[PDB]
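> Residue numbers (the authors' numbering): 7 to 146.
The beta-carbon is built from N, C-alpha and C at its ideal position, and this holds for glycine as well.
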Ligand SMILES: NC(=O)[C@H]1CCN(C(=O)Cc2cc(C(F)(F)F)ccc2Cl)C1
Ligand SMILES: [Zn+2]
């Protein structure tokens with residue numbers, strides 16, 4: 007579990023969005039596993055606006071933050087799970103690291119701010135849904 011809080015927005019994994027998120031929807035994209043809902047109070051996370059390929063992510067299944075190298079956002083085949091059939095997920099970045107289903111939502115951060123959130127895993131890999139291209143998160 008986990009979310010990004012920027013301005014009057016809450017960014018979560020689409021597959022983990024609550025009834026309250028759908029009842030206050032801003033934008034969602036099934037192919038990216040992202041959903042953004044509106045909030046009453048202002049958030050303080052800063053979104054990174056960069057091309058960094060190294061950062062640190064939080065892994066709830068280990069209660070630990072790990073430094074990682076990760077690939078550039080791409081269209082990657084993701085195996086079927088209980089939330090989606092087998093499909094290409096877009097804007098996804100992979101790293102070598104531990105990830106379990108409940109780790110989705112963990113933040114990946116570089117020196118510039120929040121890069122994305124854990125969205126995929128298995129086989130000793132962890133995938134992150136990129137949020138750096140969502141420039142509108144910084145306004146309105
Ligand atoms: N974005 C997606 O398609 C997500 C939705 C939920 N997803 C998962 O459960 C994938 C997953 C599998 C495993 C494994 F290998 F142990 F089975 C470990 C971690 C994760 Cl995140 C994909
Ligand atoms: Zn950066």
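Assuming residue 41 and residue 29 are in contact, meaning their beta carbons sit under 8 Å apart, how far apart are those beta carbons, in whole angstroms?
For this step, residue 41 is matched to residue 35 along the chain shown. For this step, residue 29 is matched to residue 23 along the chain shown. Not really, about 12 Å apart at Cβ, beyond 8 Å.
> Report yes or no: do the stretch 44 to 57 and the stretch 80 to 92 share at least 3 C-beta pairs separated by less than 8 Å?
Result no; under three Cβ-Cβ pairs closer than 8 Å.
> Starting from residue 4 and walking both ways along the alpha helix (DSSP H), at which residues does that stretch end?
Given a span of 7 to 146 for the chain in the structure shown, any question on residue 4 remains unanswerable.
> Use the C-beta contact count for residue 130: other C-beta atoms within 10 angstroms, 16 or more gives buried, fewer gives exposed.
What you label residue 130 is simply residue 124 of the chain shown in a count that begins at 1. Residue 130 should be labelled exposed.
> What distance in whole Å lies between the Cβ atoms of residue 62 and residue 105, which are believed to be in contact at a cut-off of 8 Å?
Position 99 of the chain shown holds residue 105. Position 56 of the chain shown holds residue 62. Contact doesn't hold; Cβ gap of about 14 Å is too wide.
> Is residue 135 near ligand 1, with its Cβ less than 8 Å from a heavy atom?
Counting from one through the chain shown, the residue named residue 135 turns up at place 129. Checking the Cβ of residue 135 against ligand 1 gives yes.
> If distances are taken between C-alpha atoms only, which option among 66, 127, 142, 71 comes closest to residue 116?
Position 110 of the chain shown, counted from the first residue, corresponds to residue 116. Comparing Cα positions, the closest option is 71.
> Who are residue 73's beta bridge partners in DSSP?
Working through the chain shown from its first residue, we reach residue 73 at position 67. Note: residue 73 sits in a beta bridge opposite 62.
> Name the DSSP beta bridge partners of residue 18, please?
Here the question's residue 18 lines up with position 12 in the chain shown. DSSP output for residue 18 lists 41 as bridge partner(s).
> Along the chain, where does the beta strand (DSSP E) that runs through residue 97 open and close?
In the chain shown, residue 97 corresponds to position 91, counting from 1. Where residue 97 is concerned, the enclosing beta strand (DSSP E) stretches over 93 to 102.
> DSSP three-state label for residue 139, please.
Counted from its first residue, the chain shown places residue 139 at position 133. Residue 139 falls in the coil class under three-state DSSP.
> How far does the alpha helix (DSSP H) with residue 129 in it reach, from first residue to last?
Within the chain shown, numbered from 1, the residue matching residue 129 stands at position 123. Note, residue 129: premise wrong, no alpha helix (DSSP H); not H, not E.
> Is it buried or exposed for residue 126, if we count other Cβ within 10 angstroms and need 16 for buried?
If you number the chain shown from 1, residue 126 lands on position 120. Flag for residue 126 reads buried.
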